[PDB]
2 protein chains.
Amino acid sequence: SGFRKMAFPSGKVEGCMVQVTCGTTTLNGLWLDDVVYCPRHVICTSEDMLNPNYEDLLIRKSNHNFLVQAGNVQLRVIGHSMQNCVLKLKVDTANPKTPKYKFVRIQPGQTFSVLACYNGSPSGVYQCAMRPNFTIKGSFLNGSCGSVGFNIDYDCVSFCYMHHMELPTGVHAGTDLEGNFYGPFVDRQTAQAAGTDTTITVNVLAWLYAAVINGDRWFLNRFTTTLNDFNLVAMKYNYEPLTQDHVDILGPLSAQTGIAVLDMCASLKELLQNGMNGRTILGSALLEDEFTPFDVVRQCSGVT
Amino acid sequence: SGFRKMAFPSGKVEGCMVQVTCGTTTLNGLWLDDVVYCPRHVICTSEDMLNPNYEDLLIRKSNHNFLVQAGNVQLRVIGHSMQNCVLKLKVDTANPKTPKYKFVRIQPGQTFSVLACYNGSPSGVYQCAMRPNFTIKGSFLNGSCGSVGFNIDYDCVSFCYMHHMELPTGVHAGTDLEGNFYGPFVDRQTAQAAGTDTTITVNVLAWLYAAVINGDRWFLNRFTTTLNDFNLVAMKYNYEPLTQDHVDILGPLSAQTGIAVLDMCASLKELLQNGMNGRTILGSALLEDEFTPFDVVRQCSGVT
Ligand SMILES: *CC(=O)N1Cc2ccccc2[C@H](c2ccccc2)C1
Ligand SMILES: *CC(=O)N1Cc2ccccc2[C@H](c2ccccc2)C1
């Protein structure tokens, strides 16, 4: 029993973190096979970040300008290319700790673990969600750029995020491992505001199921609702509209608990309309939305 | 910017997790050098757990009854001994992935990372505190016993916890790596109630400092207080009494922010007396107490 915000074990990814230095900028790189992936803004001075022309800036860079260090050992760069907002540094040595991996571009509402690194060295691991506004609420200081987000399925690391920038509101923007930003963000020191940070309704419902499974039940009520009625309430509270797809995904938690998805929706509706009245659910005083249905099933079943 | 509940990177500990099977009970072991550490209740049937005599039960066990598997490879047990509530299984092979380590017994209020494992395989990592009542609020299913809690200082893993049992209230009890329980708990399926779960005042104040550092400031007020006055309020709200030792420990965060510890105490006092009025602090609607001052400085400075 007990339900915790849980990250994947980070070892497989720790084995992939390197330091990339171009001129006087140091950030993190991901070493998979004989390629090191890092944010293209490694080639910028903070001066350059106001309005960089990366193709023009990159012409001034050679293989030998990219200093790549894995622990205390330097990697030889034999090639470099820009793909969208990442650089791919070809090195002469395959990373011997390369796990089985994929690059996936995640949808908003999907959760992943972040291995926060500085100078190619891990500082910590925590769990995030891709927000509906394509920001993440991370913990990232200067030097953390090139830190990656990932899921693990048994033996296969799915890399979904590389950290690139902090908005002036202190939320985070980045790319998939093809260097394409999530959302409308650009790797430039300009005015970029996040849209509405909507609540991930399907994740709140998953987490309500997790609460029932772990003994927190005070918010169960005598009511039910419809998708359309529930969605009127979601709109009012800046919740994502609940679809039948979300209902289908919650089916296993519904089955396990014997609480119909629409009954749990009616519980969530009363919580939105009435608040928690100073009570808590799995040690939270607000409605948690960074556990997916798949996360609740995984943690509640003990998958490894 | 951004402040997250952050675990240590788990790789160094992932390298130490093994499966221990005695008869029909499987749980996790920690392999350091040529010793595997695991909970002594590995030798029990669930029947035995009602009133086990571990010394008597252990007489019926030989080296060859302890099946120790590191991934898919079996370790040869050449010795076994009971130290308090753990078994130490001597194996014929030193763990080649043994990191630099220490065993520390932590004080209540101290935080650590848990690597939740099942069958010697990692499922996830999360951050805990030793509660003032010597429970932890974990996420532990059957098979999770022998999962360990740890801190890392650069290259040295300090192992502070091994998971042993769940109380009927769904909080967690365990031992240090010498097999001594935290608090009054015993490895027996009996009536064991946790004492008052008091709030770790010094950790709330640290986290209030973390909030200021990361832009959340609405709770700063025009007031100050004294240790004695603050402590009257702490008593009323089941907070740990604040000592000058706690004030001294918060000195660096005080210095960095320019907010006197006693002014932040007066802020915490108004939060206790008045609630959050539906507002949040670092995305929490309650006062977080599982970040130590040392945790706030580490995360806010980017230590690796
Ligand atoms: C995440 C990180 O390490 N950054 C520091 C940095 C140093 C030098 C150049 C760029 C950057 C990153 C950045 C990206 C976009 C806009 C401003 C700054 C951030
Ligand atoms: C944590 C764990 O794996 N447990 C399962 C278990 C199986 C067999 C014997 C004992 C246990 C553990 C336990 C400890 C004390 C009281 C009851 C159960 C728990």
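Note that chain A carries Swiss-Prot numbering, so the residues on display, from first to last, are 3264-3567.
This entry, so its header tells us, was determined using X-ray crystallography, 1.6 Å.
Quick reminder: no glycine exception, Cβ is built from N, Cα and C everywhere.
Screening A:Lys3353, A:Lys3499 against Swiss-Prot annotations picks out A:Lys3353 (annotated as ubiquitin cross-link).
Comparing C-alpha positions, A:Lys3268 (ubiquitin cross-link) sits nearest to A:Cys3408 among the recorded positions A:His3304, A:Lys3353, A:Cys3408. Look at the recorded positions A:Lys3268, A:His3304, A:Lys3353 and count other Cβ atoms within 10 Å of each Cβ; A:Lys3353 has the fewest.
DSSP gives A:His3304 (active site, for 3CL-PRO activity) a helix state. Chain B comes within the C-beta cut-off of under 8 angstroms for none of the recorded positions A:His3304, A:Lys3353, A:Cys3408.
In this structure, A:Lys3353 (ubiquitin cross-link) is part of a beta strand by DSSP. A straight line from the CA of A:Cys3408 (active site, nucleophile) to the CA of A:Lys3353 (ubiquitin cross-link) spans 19 Å.
Counting in whole angstrom, A:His3304 (active site, for 3CL-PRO activity) lies 17 from A:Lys3353 (ubiquitin cross-link) by their C-alpha atoms. Cβ-based neighbour count (10 Å, all protein chains) for A:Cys3408 (active site, nucleophile) stands at 25.
Checking the recorded positions A:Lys3268, A:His3304, A:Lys3353 against ligand 1, the ones whose Cβ sits under 6 Å from it are A:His3304.
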